[PDB]
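Trainee: There's a structure below that I have some questions on.
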Amino acid sequence: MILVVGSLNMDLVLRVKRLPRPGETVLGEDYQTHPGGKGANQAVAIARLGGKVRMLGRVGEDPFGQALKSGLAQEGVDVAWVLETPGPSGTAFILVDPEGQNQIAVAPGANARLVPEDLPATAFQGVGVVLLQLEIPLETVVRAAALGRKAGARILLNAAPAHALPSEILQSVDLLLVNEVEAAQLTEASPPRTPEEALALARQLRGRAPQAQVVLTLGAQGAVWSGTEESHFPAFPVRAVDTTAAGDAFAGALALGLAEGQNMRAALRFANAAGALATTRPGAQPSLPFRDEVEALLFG
Amino acid sequence: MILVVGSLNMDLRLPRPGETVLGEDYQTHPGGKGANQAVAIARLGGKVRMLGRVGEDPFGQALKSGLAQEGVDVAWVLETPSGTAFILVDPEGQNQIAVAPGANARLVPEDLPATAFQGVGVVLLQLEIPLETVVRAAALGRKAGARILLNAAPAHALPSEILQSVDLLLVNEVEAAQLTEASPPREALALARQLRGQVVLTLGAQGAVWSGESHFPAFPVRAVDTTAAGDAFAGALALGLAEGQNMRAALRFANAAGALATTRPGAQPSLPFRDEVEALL
Ligand SMILES: Nc1ncnc2c1ncn2[C@@H]1O[C@H](COP(=O)(O)OP(=O)(O)O)[C@@H](O)[C@H]1O
Ligand SMILES: Nc1ncnc2c1ncn2[C@@H]1O[C@H](COP(=O)(O)OP(=O)(O)O)[C@H](O)[C@H]1O
């Protein structure tokens, strides 16, 4: 059983010729509205892969709030710990170009009101893995890890979007999951390139600031893992339509792989499979693949 | 009055990929080049009508009642089965914008009644509606006996037919280049607008040039947000000519509105009132 603690966002999406550079006005088409948020996406990702999942976070007392909560319940995620909030739900401004590269700006809304006291112990009882991200306040992330350990869950921190982390969080996490910008933020010096070797060396560096399994995602180059092994796990070759929610599929698939009892080798392959499929359909949450697609792609 | 025919938009800590500016603002205000130009005239104490399409969504209502509360006649604003700008802004006033035309793409020639043009002194147009509707709006303006002000913005190619049918052709340095060829590195901007040519070429903090042959200096101000500077200038110029001011005093009156727009954040909210622009005289 997995608990996901994190954000619920309404995604407002535009197809664009080209992502605007600073100062640029670009013309877009095909305006669309879908439930999203790193938290809600990772919960739904676990559900479509057939894992049992609860979601703990806040929606606002607006139309979107109901749509965010109902969306989750419909996918069969347990929404008993989704709390109603004065003011607006989270909203996200997404642009996607023809290569599937995106640009996202998030208005936190009710996600900013998820405080430590909002975390009851019964949401964590009997869960094997707690899955956290950073579209909620850092004091809430600390409490979630604490309550997670107290219940005997593995703490999976997806440190995204990019944010500075205090030692208290980095030291209390079983697995730290970051993309290259998050890895560079926390380490200083980017991998302005890949060799898969370069981000292994940075994932070894991030390893120094804790005692977790460290996982670094590389988009079209897959992922690396510094922990009980130092290894690269290649991407599945697919046609990428919209890269939105691919880290969410991957995070959610890693969580459920470890929940179900898979080792890291298997769970990371499973996760690259799921993150690859998410690139091949448009939109965030709607692109989240189902167990049988993911298993098809693994079987080859 | 002045008739404005063009766009209405609602203008609305980031996954970077491709990259966003490090800055945290957006929320909700009426915008679009048409709406902004109309509100500009209204805030400058001018009688003004807005002609264009909103959607059947909450925004559509908000845009309409928004323009109304500023003092714009919205009678001719047609509901449609809204245009949206996703605006990201950093603390240094730098912007990234993604526009979804919505209803604005559905404003077709047969949408323009001649009633709306009757008695008006200036028809003010931009290029945020289909080109065939701009053509219609010009033709109906000429019929009603109005001066047709084309603001050829945003940057787009135009045929000789359209260029030859307007009484004033308002452009910036990128649009000037688009229609002619080769950016004015300045004057050379005045020799480019004569290659165009009444043609008005805006130059930011260097003000505006004219030839039908003169340059009108910028009002020096603290530029925090250059958004809606073109809209305030366009709206103000349109109001100076409909008020019967000379071209020289109107272009000074445009620069003065233009400069005051730069001094406050956002688009429609930064548009100066009359008392403000008259003080800067
Ligand atoms: N073009 C791609 N081809 C194959 N897999 C991809 C592609 N883009 C992303 N992925 C998968 O999704 C995961 C997340 O990619 P990445 O861009 O690092 O995440 P995020 O969207 O959080 O930045 C990768 O590890 C990989 O499994
Ligand atoms: N920094 C500035 N200082 C003074 N006046 C300015 C400044 N920026 C713009 N303006 C005024 O507002 C207008 C700005 O239009 P401009 O920046 O040339 O093109 P755009 O249509 O892209 O906004 C007029 O050109 C000018 O009078």
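Please note that chains go A, B, ... in the order of the structure tokens, that every chain numbers its residues from 1, and that ligands are numbered from 1 in the order shown.
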For chain B versus ligand 2, which residues have an atom no more than 10 Å away, and what is each residue's nearest atom pair and distance in Å rounded to one decimal, using only C-alpha atoms and all ligand atoms, chain-then-number order, as a Markdown table?

Mentor:
```
| residue | atom | partner | partner_atom_place_in_ligand_line | distance |
| --- | --- | --- | --- | --- |
| B:33 | CA | ligand 2 | 21 (O) | 9.8 |
| B:151 | CA | ligand 2 | 21 (O) | 8.9 |
| B:152 | CA | ligand 2 | 21 (O) | 9.5 |
| B:153 | CA | ligand 2 | 21 (O) | 7.3 |
| B:154 | CA | ligand 2 | 21 (O) | 8.1 |
| B:155 | CA | ligand 2 | 22 (O) | 9.6 |
| B:170 | CA | ligand 2 | 21 (O) | 9.0 |
| B:171 | CA | ligand 2 | 21 (O) | 7.1 |
| B:172 | CA | ligand 2 | 19 (O) | 5.0 |
| B:173 | CA | ligand 2 | 18 (O) | 6.9 |
| B:174 | CA | ligand 2 | 22 (O) | 8.2 |
| B:175 | CA | ligand 2 | 22 (O) | 9.1 |
| B:200 | CA | ligand 2 | 25 (O) | 9.8 |
| B:201 | CA | ligand 2 | 18 (O) | 7.6 |
| B:202 | CA | ligand 2 | 25 (O) | 4.0 |
| B:203 | CA | ligand 2 | 18 (O) | 4.0 |
| B:204 | CA | ligand 2 | 18 (O) | 3.5 |
| B:205 | CA | ligand 2 | 2 (C) | 3.7 |
| B:206 | CA | ligand 2 | 4 (C) | 7.0 |
| B:207 | CA | ligand 2 | 27 (O) | 4.3 |
| B:208 | CA | ligand 2 | 25 (O) | 5.5 |
| B:209 | CA | ligand 2 | 25 (O) | 9.2 |
| B:216 | CA | ligand 2 | 27 (O) | 8.5 |
| B:217 | CA | ligand 2 | 27 (O) | 7.8 |
| B:218 | CA | ligand 2 | 5 (N) | 4.7 |
| B:219 | CA | ligand 2 | 4 (C) | 5.1 |
| B:220 | CA | ligand 2 | 4 (C) | 5.3 |
| B:221 | CA | ligand 2 | 3 (N) | 5.6 |
| B:222 | CA | ligand 2 | 1 (N) | 7.2 |
| B:223 | CA | ligand 2 | 1 (N) | 5.0 |
| B:224 | CA | ligand 2 | 1 (N) | 8.4 |
| B:225 | CA | ligand 2 | 8 (N) | 8.6 |
| B:226 | CA | ligand 2 | 8 (N) | 5.7 |
| B:227 | CA | ligand 2 | 23 (O) | 6.4 |
| B:228 | CA | ligand 2 | 23 (O) | 6.3 |
| B:229 | CA | ligand 2 | 12 (O) | 4.1 |
| B:230 | CA | ligand 2 | 21 (O) | 3.6 |
| B:231 | CA | ligand 2 | 21 (O) | 6.9 |
| B:232 | CA | ligand 2 | 12 (O) | 7.2 |
| B:233 | CA | ligand 2 | 13 (C) | 5.7 |
| B:234 | CA | ligand 2 | 13 (C) | 8.4 |
| B:251 | CA | ligand 2 | 27 (O) | 8.5 |
| B:252 | CA | ligand 2 | 27 (O) | 8.2 |
| B:253 | CA | ligand 2 | 27 (O) | 8.9 |
| B:254 | CA | ligand 2 | 27 (O) | 6.2 |
| B:255 | CA | ligand 2 | 27 (O) | 3.2 |
| B:256 | CA | ligand 2 | 27 (O) | 6.3 |
| B:257 | CA | ligand 2 | 12 (O) | 7.0 |
| B:258 | CA | ligand 2 | 12 (O) | 3.2 |
| B:259 | CA | ligand 2 | 5 (N) | 3.6 |
| B:260 | CA | ligand 2 | 5 (N) | 7.4 |
| B:261 | CA | ligand 2 | 12 (O) | 6.9 |
| B:262 | CA | ligand 2 | 8 (N) | 5.9 |
| B:263 | CA | ligand 2 | 2 (C) | 8.6 |
```

Trainee: Can you spit out the residues from that selection as an mmCIF file, in the first residue's frame, using C-alpha atoms?

Mentor:
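Everything below was put into out_26.cif:
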```
data_model
loop_
_atom_site.group_PDB
_atom_site.id
_atom_site.type_symbol
_atom_site.label_atom_id
_atom_site.label_comp_id
_atom_site.auth_asym_id
_atom_site.auth_seq_id
_atom_site.Cartn_x
_atom_site.Cartn_y
_atom_site.Cartn_z
ATOM 1 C CA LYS B 33 -4.311 44.672 -27.892
ATOM 2 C CA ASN B 151 -1.539 49.358 -35.782
ATOM 3 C CA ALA B 152 0.204 46.545 -37.789
ATOM 4 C CA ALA B 153 0.961 44.552 -34.570
ATOM 5 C CA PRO B 154 1.925 41.921 -33.762
ATOM 6 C CA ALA B 155 4.613 41.500 -36.514
ATOM 7 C CA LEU B 170 1.307 52.602 -36.686
ATOM 8 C CA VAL B 171 4.262 50.127 -36.345
ATOM 9 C CA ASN B 172 7.317 49.335 -34.130
ATOM 10 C CA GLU B 173 10.941 48.563 -35.275
ATOM 11 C CA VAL B 174 10.393 44.751 -35.783
ATOM 12 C CA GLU B 175 7.063 45.294 -37.754
ATOM 13 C CA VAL B 200 4.325 56.330 -37.487
ATOM 14 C CA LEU B 201 7.341 54.240 -36.309
ATOM 15 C CA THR B 202 7.666 53.788 -32.461
ATOM 16 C CA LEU B 203 11.267 53.406 -31.080
ATOM 17 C CA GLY B 204 10.765 52.662 -27.312
ATOM 18 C CA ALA B 205 12.866 55.098 -25.146
ATOM 19 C CA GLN B 206 13.737 57.022 -28.413
ATOM 20 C CA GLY B 207 9.990 57.980 -28.764
ATOM 21 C CA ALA B 208 8.448 57.884 -32.310
ATOM 22 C CA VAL B 209 9.253 59.129 -35.891
ATOM 23 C CA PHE B 216 9.260 63.136 -31.329
ATOM 24 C CA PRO B 217 11.476 62.425 -28.271
ATOM 25 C CA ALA B 218 10.485 59.945 -25.463
ATOM 26 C CA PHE B 219 9.325 61.352 -22.086
ATOM 27 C CA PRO B 220 12.199 60.184 -19.786
ATOM 28 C CA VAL B 221 10.689 57.909 -17.020
ATOM 29 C CA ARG B 222 11.529 54.897 -14.771
ATOM 30 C CA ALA B 223 10.707 51.919 -17.103
ATOM 31 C CA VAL B 224 9.735 48.910 -14.859
ATOM 32 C CA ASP B 225 7.268 47.116 -17.292
ATOM 33 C CA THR B 226 7.125 47.924 -21.106
ATOM 34 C CA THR B 227 3.909 45.790 -21.553
ATOM 35 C CA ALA B 228 0.930 47.834 -22.974
ATOM 36 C CA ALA B 229 3.273 50.767 -23.937
ATOM 37 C CA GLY B 230 2.292 50.272 -27.625
ATOM 38 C CA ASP B 231 -1.427 49.970 -26.614
ATOM 39 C CA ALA B 232 -1.354 53.248 -24.556
ATOM 40 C CA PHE B 233 0.472 55.095 -27.437
ATOM 41 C CA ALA B 234 -1.911 53.679 -30.086
ATOM 42 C CA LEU B 251 2.415 62.315 -31.279
ATOM 43 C CA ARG B 252 3.735 64.183 -28.164
ATOM 44 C CA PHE B 253 0.440 63.091 -26.417
ATOM 45 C CA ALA B 254 1.144 59.463 -27.561
ATOM 46 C CA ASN B 255 4.810 59.383 -26.274
ATOM 47 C CA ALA B 256 3.485 60.844 -22.914
ATOM 48 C CA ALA B 257 0.856 58.016 -22.572
ATOM 49 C CA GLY B 258 3.415 55.465 -23.877
ATOM 50 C CA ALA B 259 6.043 56.561 -21.257
ATOM 51 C CA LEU B 260 3.536 56.547 -18.298
ATOM 52 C CA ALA B 261 2.486 52.937 -19.242
ATOM 53 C CA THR B 262 6.122 51.703 -18.783
ATOM 54 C CA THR B 263 6.194 53.055 -15.144
#
```

Trainee: Residues of chain A that have any atom at most 8 Å from an atom of ligand 1: could you tabulate them with the shortest-distance atom pair and the distance in Å to one decimal, using only C-alpha atoms and all ligand atoms, ordered by chain and increasing number, as a Markdown table?

Mentor:
```
| residue | atom | partner | partner_atom_place_in_ligand_line | distance |
| --- | --- | --- | --- | --- |
| A:160 | CA | ligand 1 | 22 (O) | 7.2 |
| A:161 | CA | ligand 1 | 22 (O) | 7.9 |
| A:178 | CA | ligand 1 | 22 (O) | 7.2 |
| A:179 | CA | ligand 1 | 18 (O) | 4.6 |
| A:180 | CA | ligand 1 | 18 (O) | 6.6 |
| A:181 | CA | ligand 1 | 23 (O) | 7.9 |
| A:216 | CA | ligand 1 | 18 (O) | 7.4 |
| A:217 | CA | ligand 1 | 25 (O) | 4.0 |
| A:218 | CA | ligand 1 | 18 (O) | 4.2 |
| A:219 | CA | ligand 1 | 9 (C) | 3.5 |
| A:220 | CA | ligand 1 | 2 (C) | 3.7 |
| A:221 | CA | ligand 1 | 26 (C) | 6.9 |
| A:222 | CA | ligand 1 | 25 (O) | 4.2 |
| A:223 | CA | ligand 1 | 25 (O) | 4.8 |
| A:234 | CA | ligand 1 | 27 (O) | 7.8 |
| A:235 | CA | ligand 1 | 4 (C) | 4.7 |
| A:236 | CA | ligand 1 | 4 (C) | 5.2 |
| A:237 | CA | ligand 1 | 4 (C) | 5.7 |
| A:238 | CA | ligand 1 | 3 (N) | 5.6 |
| A:239 | CA | ligand 1 | 1 (N) | 7.1 |
| A:240 | CA | ligand 1 | 1 (N) | 5.4 |
| A:243 | CA | ligand 1 | 8 (N) | 5.8 |
| A:244 | CA | ligand 1 | 21 (O) | 6.0 |
| A:245 | CA | ligand 1 | 21 (O) | 6.1 |
| A:246 | CA | ligand 1 | 12 (O) | 4.4 |
| A:247 | CA | ligand 1 | 22 (O) | 3.8 |
| A:248 | CA | ligand 1 | 22 (O) | 6.8 |
| A:249 | CA | ligand 1 | 12 (O) | 7.4 |
| A:250 | CA | ligand 1 | 13 (C) | 5.7 |
| A:271 | CA | ligand 1 | 27 (O) | 6.2 |
| A:272 | CA | ligand 1 | 27 (O) | 3.3 |
| A:273 | CA | ligand 1 | 27 (O) | 6.3 |
| A:274 | CA | ligand 1 | 27 (O) | 6.9 |
| A:275 | CA | ligand 1 | 12 (O) | 3.6 |
| A:276 | CA | ligand 1 | 5 (N) | 3.7 |
| A:277 | CA | ligand 1 | 5 (N) | 7.5 |
| A:278 | CA | ligand 1 | 12 (O) | 7.4 |
| A:279 | CA | ligand 1 | 8 (N) | 6.1 |
```

Trainee: Pick out the residues sitting within 6 Å of residue 136 of chain A, and hand them over as a CSV table (one decimal) with C-alpha atoms, in the first residue's frame; count only C-alpha atoms, and ignore anything fewer than 6 positions along from it in its own chain.

Mentor:
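The result, stored in result.csv:
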```csv
chain,number,residue,atom,x,y,z
A,6,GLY,CA,1.8,16.3,-2.3
A,111,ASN,CA,-1.2,23.2,-1.7
A,112,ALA,CA,0.6,26.0,0.2
```

Trainee: Taking only C-alpha atoms into account and nothing else, which residues of chain B lie no more than 12 Å away from chain A? Please answer as a ChimeraX atom specification.

Mentor: /B:12-27,32,82-90,92-105,128,153-155,225-227

Trainee: Give me, as a tab-separated table (two decimals) with N, CA, C and O atoms, in the first residue's frame, all polymer residues having an atom no more than 6 Å from residue 149 of chain B, counting only C-alpha atoms and skipping those fewer than 3 positions away in the same chain.

Mentor:
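Writing the result to out-v2.tsv gives the following:
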```tsv
chain	number	residue	atom	x	y	z
B	123	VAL	N	-11.41	54.81	-36.55
B	123	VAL	CA	-11.44	53.33	-36.45
B	123	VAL	C	-10.01	52.86	-36.19
B	123	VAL	O	-9.11	53.14	-37.02
B	124	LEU	N	-9.81	52.20	-35.04
B	124	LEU	CA	-8.47	51.75	-34.57
B	124	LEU	C	-8.43	50.22	-34.68
B	124	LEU	O	-9.34	49.57	-34.17
B	168	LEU	N	-3.57	56.10	-41.40
B	168	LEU	CA	-2.34	56.10	-40.54
B	168	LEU	C	-1.91	54.66	-40.22
B	168	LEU	O	-2.77	53.88	-39.76
```

Trainee: Would you give me, as a VMD selection string, the residues in segment 92-250 of chain B that DSSP reads as strand (DSSP E or B)?

Mentor: chain B and resid 95 to 100 122 to 125 147 to 151 168 to 171 199 to 202 208 to 211 214 to 216

Trainee: Excluding residue 1 of chain A and residues on its chain fewer than 2 positions from it, collect all residues at most 6 Å away from it, counting only C-alpha atoms, and give them as a PyMOL selection string.

Mentor: chain A and resi 52-53+127-128

Trainee: Kindly export the residues of the current selection with N, CA and C atoms, as a short mmCIF file (atom, residue, chain, number, x, y, z; two decimals), in the first residue's frame.

Mentor:
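Output file part.cif is given in full below:
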```cif
data_model
loop_
_atom_site.label_atom_id
_atom_site.label_comp_id
_atom_site.auth_asym_id
_atom_site.auth_seq_id
_atom_site.Cartn_x
_atom_site.Cartn_y
_atom_site.Cartn_z
N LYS A 52 -2.43 -0.23 -4.91
CA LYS A 52 -3.39 0.44 -4.00
C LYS A 52 -2.73 1.72 -3.46
N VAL A 53 -3.47 2.83 -3.39
CA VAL A 53 -2.84 4.16 -3.17
C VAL A 53 -3.82 5.10 -2.46
N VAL A 127 1.18 1.44 5.46
CA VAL A 127 1.70 1.75 4.10
C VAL A 127 3.17 1.30 4.04
N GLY A 128 3.56 0.73 2.91
CA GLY A 128 4.91 0.17 2.70
C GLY A 128 5.86 1.22 2.17
#
```

Trainee: Within 8 Å of segment 32-42 of chain A, counting only C-alpha atoms, which residues show up once you throw out same-chain ones fewer than 5 positions away? Write them as a PyMOL selection string, please.

Mentor: chain A and resi 4-14+55+64+67-68+71-72+90+92+132-133+135+245+248-249+251-252+283-286+288

Trainee: Just to be explicit: take each residue in the selection above, keep N, CA and C atoms, and write the result as a compact mmCIF listing (two decimals), in the first residue's frame.

Mentor:
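Now in selection_4.txt:
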```txt
# COMPACT_ATOMS: atom_id res chain seq x y z
N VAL A 4 0.79 8.82 -0.87
CA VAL A 4 1.40 9.95 -1.64
C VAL A 4 1.04 11.24 -0.92
N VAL A 5 2.05 12.01 -0.52
CA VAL A 5 1.83 13.34 0.11
C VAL A 5 2.33 14.39 -0.86
N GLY A 6 1.47 15.32 -1.24
CA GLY A 6 1.85 16.28 -2.26
C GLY A 6 0.67 17.05 -2.80
N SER A 7 0.96 17.67 -3.95
CA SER A 7 0.17 18.74 -4.61
C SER A 7 -0.99 18.18 -5.46
N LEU A 8 -2.04 18.97 -5.61
CA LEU A 8 -3.10 18.81 -6.65
C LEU A 8 -3.18 20.16 -7.39
N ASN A 9 -3.00 20.12 -8.71
CA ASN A 9 -2.98 21.32 -9.60
C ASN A 9 -4.02 21.09 -10.68
N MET A 10 -4.73 22.12 -11.11
CA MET A 10 -5.45 22.09 -12.41
C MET A 10 -4.46 22.51 -13.50
N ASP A 11 -4.26 21.67 -14.50
CA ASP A 11 -3.34 21.95 -15.64
C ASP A 11 -4.13 22.72 -16.70
N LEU A 12 -3.67 23.94 -17.00
CA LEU A 12 -4.10 24.77 -18.15
C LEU A 12 -2.98 24.71 -19.20
N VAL A 13 -3.20 24.00 -20.32
CA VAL A 13 -2.14 23.58 -21.29
C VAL A 13 -2.36 24.28 -22.64
N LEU A 14 -1.27 24.64 -23.32
CA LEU A 14 -1.28 25.23 -24.68
C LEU A 14 -0.21 24.52 -25.51
N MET A 55 -4.03 9.38 -1.35
CA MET A 55 -3.52 10.74 -1.65
C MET A 55 -3.80 11.60 -0.43
N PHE A 64 -12.55 23.58 -9.46
CA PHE A 64 -11.34 22.78 -9.80
C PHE A 64 -11.08 21.76 -8.68
N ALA A 67 -13.24 18.76 -9.05
CA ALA A 67 -12.67 18.09 -10.25
C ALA A 67 -11.34 17.41 -9.89
N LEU A 68 -10.49 18.04 -9.07
CA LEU A 68 -9.19 17.43 -8.67
C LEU A 68 -9.49 16.19 -7.81
N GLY A 71 -11.63 13.38 -9.97
CA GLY A 71 -10.57 12.82 -10.83
C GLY A 71 -9.82 11.69 -10.15
N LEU A 72 -9.25 11.95 -8.97
CA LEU A 72 -8.48 10.93 -8.20
C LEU A 72 -9.38 9.74 -7.86
N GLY A 90 -4.56 24.51 -6.51
CA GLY A 90 -3.35 24.77 -7.31
C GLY A 90 -3.73 24.91 -8.76
N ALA A 92 -1.62 25.20 -12.80
CA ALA A 92 -0.32 25.11 -13.51
C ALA A 92 -0.45 25.62 -14.96
N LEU A 132 6.78 11.44 -1.51
CA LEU A 132 6.75 12.91 -1.32
C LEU A 132 7.34 13.62 -2.53
N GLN A 133 6.88 14.85 -2.78
CA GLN A 133 7.47 15.84 -3.74
C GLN A 133 7.42 17.22 -3.05
N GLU A 135 5.85 20.39 -4.03
CA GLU A 135 4.87 21.48 -4.34
C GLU A 135 4.06 21.78 -3.06
N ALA A 245 4.68 14.94 -17.17
CA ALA A 245 4.20 13.86 -16.27
C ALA A 245 5.07 12.60 -16.38
N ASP A 248 6.61 11.88 -13.18
CA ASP A 248 5.49 11.43 -12.30
C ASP A 248 5.24 9.93 -12.55
N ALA A 249 5.05 9.49 -13.80
CA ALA A 249 4.95 8.05 -14.16
C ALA A 249 6.13 7.26 -13.55
N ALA A 251 8.39 8.12 -11.12
CA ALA A 251 8.36 8.17 -9.64
C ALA A 251 7.34 7.14 -9.14
N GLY A 252 6.12 7.22 -9.65
CA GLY A 252 4.99 6.35 -9.25
C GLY A 252 5.31 4.88 -9.51
N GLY A 283 -0.66 15.77 -22.80
CA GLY A 283 -1.16 16.11 -21.46
C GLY A 283 -0.44 15.36 -20.37
N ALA A 284 -0.67 15.77 -19.12
CA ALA A 284 0.05 15.26 -17.94
C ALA A 284 -0.59 13.94 -17.49
N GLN A 285 -1.66 14.04 -16.71
CA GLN A 285 -2.33 12.90 -16.03
C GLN A 285 -2.94 11.96 -17.07
N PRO A 286 -3.58 12.48 -18.15
CA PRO A 286 -4.17 11.61 -19.17
C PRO A 286 -3.17 10.67 -19.86
N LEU A 288 -0.80 8.92 -18.46
CA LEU A 288 -0.17 7.98 -17.48
C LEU A 288 -0.51 6.56 -17.91
```

Trainee: Using DSSP secondary structure from the backbone, list all alpha helix (DSSP H) positions within segment 60-205 of chain A, as a PyMOL selection string.

Mentor: chain A and resi 63-74+138-150+167-170+180-187+197-205

Trainee: Might you pull out every residue within 10 Å of residue 144 of chain B, with only C-alpha atoms counted and same-chain residues fewer than 4 positions away left off, and present them as a PyMOL selection string?

Mentor: chain B and resi 114-123+138-140

Trainee: Give me, please, the distance in Å between atom CA of residue 45 of chain B and atom CA of residue 7 of chain B, quoted to one decimal.

Mentor: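 Between atom CA of residue 45 of chain B and atom CA of residue 7 of chain B the gap is 21.2 Å.
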
Trainee: Quote the spacing between atom CA of residue 54 of chain A and atom CA of residue 118 of chain A in Å to one decimal place.

Mentor: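 Atom CA of residue 54 of chain A sits 14.6 Å away from atom CA of residue 118 of chain A.
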
Trainee: Work out how far apart atom CA of residue 99 of chain A and atom CA of residue 11 of chain B are and give it in Å to one decimal.

Mentor: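 About the pair atom CA of residue 99 of chain A and atom CA of residue 11 of chain B: they are 26.5 Å apart.
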